[PDB]
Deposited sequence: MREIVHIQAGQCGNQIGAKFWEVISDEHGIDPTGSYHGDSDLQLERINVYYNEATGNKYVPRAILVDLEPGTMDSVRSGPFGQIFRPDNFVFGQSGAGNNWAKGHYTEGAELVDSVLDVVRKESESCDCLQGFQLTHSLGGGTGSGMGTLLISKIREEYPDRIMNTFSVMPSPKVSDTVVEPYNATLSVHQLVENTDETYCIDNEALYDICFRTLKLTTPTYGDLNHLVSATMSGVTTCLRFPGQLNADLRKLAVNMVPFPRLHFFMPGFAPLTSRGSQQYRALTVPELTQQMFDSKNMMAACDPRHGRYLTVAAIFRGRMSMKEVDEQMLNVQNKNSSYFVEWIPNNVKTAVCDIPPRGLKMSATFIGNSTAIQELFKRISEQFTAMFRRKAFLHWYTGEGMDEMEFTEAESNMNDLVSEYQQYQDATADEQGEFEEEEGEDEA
């Protein structure tokens, strides 16, 4: 289990995808041209997980950049690490999807999907032992949501034994007050429940709330929100990119974090929370389990943790971490299910992220995530009851029953979380 193929689709997908590569290239000592300027062997030990080694000792990201809008390619290219990507890996359409999931999934998106799969095949055949795929996208637009989910199903058909992981950005009217976004998100969640093994839910509602109320940024920009996303993405991929006591991979993460196949939506968290430009182990364990530090707008104290993985980064006593993690579990005992013994796993990595001596990243599989799905479901139902803008979707060949099926599957998912929240050991 070594190589991961990364795919970034649509505007959000490419924006957060580019920031991810900038942040992890800096951690591994890779500069914008692909040369290694680092001072530690631990940076190169698992470099092949995300980068290919090209001639001249240059490291190239194993990344595919996809969009129906051509303009996104220009913004990516103009970025600091914009020239590090393989030019043959940019697959871009002529006209975007206009925030329409049906255009992304059935018409414009379906015309470009075979071209993307050709590039996926060439990157996959170049792998010694491919683990699986990582996709970055939003669920509120048309390309990342509609075309992204179509791409997931097609990759799933050609590589059924590999892991499919997504970083999926959930919409909020606080960041984008576009009323068709609950339709695009609900249609996508129906696809992700069936076709992904693990999904990190990154919620624009939570990102806005952290920026506005905790960091005191009066008018949060996408750069402010993406600073939290990039810190989270660095944190959750730590055990894939550095040696550590565990030989972690995407399949061992899924086997240990997903007790029921449909409940594979994680709530990530991060401590310390910081703004652009601008702790002890007990403080990090406490902040890490606080609702204000979650990247999904859900209160974990309204549900129960099925499983948790925590990664501490920096120089610290592993004995101290073991004791503080045992303490949080004893005091917060009513927020963990009692029928999954030893359901909290901790990892410590010596290399901290940029600008911090110590950090903690949390990955929770909590039943409180039903609050996120309920928020989207209520908005979807308010719009769908009045059939508002439904012709924009049915005009692209979609059937009205697909909306009903997506709504019913998301309400069934909420009921499944409630079922395990109320279950007892006896």
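Residues of the deposited sequence with no modelled C-alpha atom fall in the ranges 279-283, 432-445.
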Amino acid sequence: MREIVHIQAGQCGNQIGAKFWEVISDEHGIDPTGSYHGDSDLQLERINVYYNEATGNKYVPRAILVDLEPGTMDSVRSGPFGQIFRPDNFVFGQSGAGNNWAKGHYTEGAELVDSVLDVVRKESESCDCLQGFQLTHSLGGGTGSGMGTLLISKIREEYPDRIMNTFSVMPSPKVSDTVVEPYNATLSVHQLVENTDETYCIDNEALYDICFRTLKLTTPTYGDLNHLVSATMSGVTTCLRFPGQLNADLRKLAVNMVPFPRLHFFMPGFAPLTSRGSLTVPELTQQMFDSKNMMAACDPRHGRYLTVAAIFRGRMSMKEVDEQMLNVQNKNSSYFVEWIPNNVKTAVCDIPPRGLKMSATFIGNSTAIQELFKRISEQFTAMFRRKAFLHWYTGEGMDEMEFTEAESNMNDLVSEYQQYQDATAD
From here on, numbers count along this sequence of modelled residues.
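The term rigid core refers to the most C-alpha atoms you can superpose between the two forms while keeping them within 1.5 Å.
Taking the rigid core as the alignment reference, the C-alpha atoms of 172-180 lie farther on average from the displayed form in 8 other deposited structures of this protein than those of the other stretch among 172-180 and 191-199.
Per-stretch RMS Cα distance to the displayed form in 8 other deposited structures of this protein, following rigid core alignment, is highest for 246-254 when 246-254 and 346-354 are compared. Compared with other deposited structures of the same protein, residue 282 does not meet the criterion of being unmodelled in at least one third, since all of those that resolve residues on both sides include it. Between the stretches 347-355 and 160-168, it is 347-355 that shows the larger average CA temperature factor. As recorded in the PDB entry, 51-59 is the stretch of 27-35 and 51-59 with the greater mean C-alpha temperature factor. Based on the entry's C-alpha B-factors, the most elevated value among 249, 338, 323, 205 belongs to 323.
Highest CA B-factor among 293, 131, 332, 145, as stated in the entry: 332. Residue-level temperature factors show residue 299 in the middle third of its chain, judged at the C-alpha atom. Per the PDB record, residue ranking by Cα B-factor puts residue 212 in the middle third of the chain. In the PDB entry, residue 191 places in the lowest third of its chain by CA B-factor. Split the chain's modelled residues into thirds by C-alpha temperature factor. Residue 127 is in the highest one.
Among the modelled residues of its chain, residue 4 has a C-alpha B-factor that falls in the lowest third, as given in the PDB entry.
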